[PDB]
């Protein structure tokens, strides 16, 4: 499997604030996204996704991706993935509990 660093949507140690600055671009389709390290939960990841909310308008959603020491990743413990690549593919197809499905890799 490709290392996560080879994936166009993986931005590593980009901060939550830096991810919001990027994803709040009004040109980005709803569901523009990247994956990053979590700043608050060591060893976890975050899925950061451009959104349009009925009340808040343009906003960025952040979903915490937990990593099992035994192997695998999840946002909801009932729905586990063997890789971040599998997780991104799954949430690209359907929201299944996110605000919106993933549509667009954050441009850079």
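Positions refer to the first chain, counted from 1.
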Task: 77-85 versus 60-68 - greater average Cα B-factor per the deposited record - done: 77-85
Open item on the list: Using only C-alpha atoms and the B-factors in the entry, which stretch averages higher, 86-94 or 17-25?
Closed with: 17-25
- [ ] Sort the modelled residues of this chain by their C-alpha B factor and say whether residue 2 lands in the lowest, middle or highest third.
- [x] highest
Task: CA B-factor placement of residue 44, once the chain's modelled residues are sorted into thirds - done: lowest
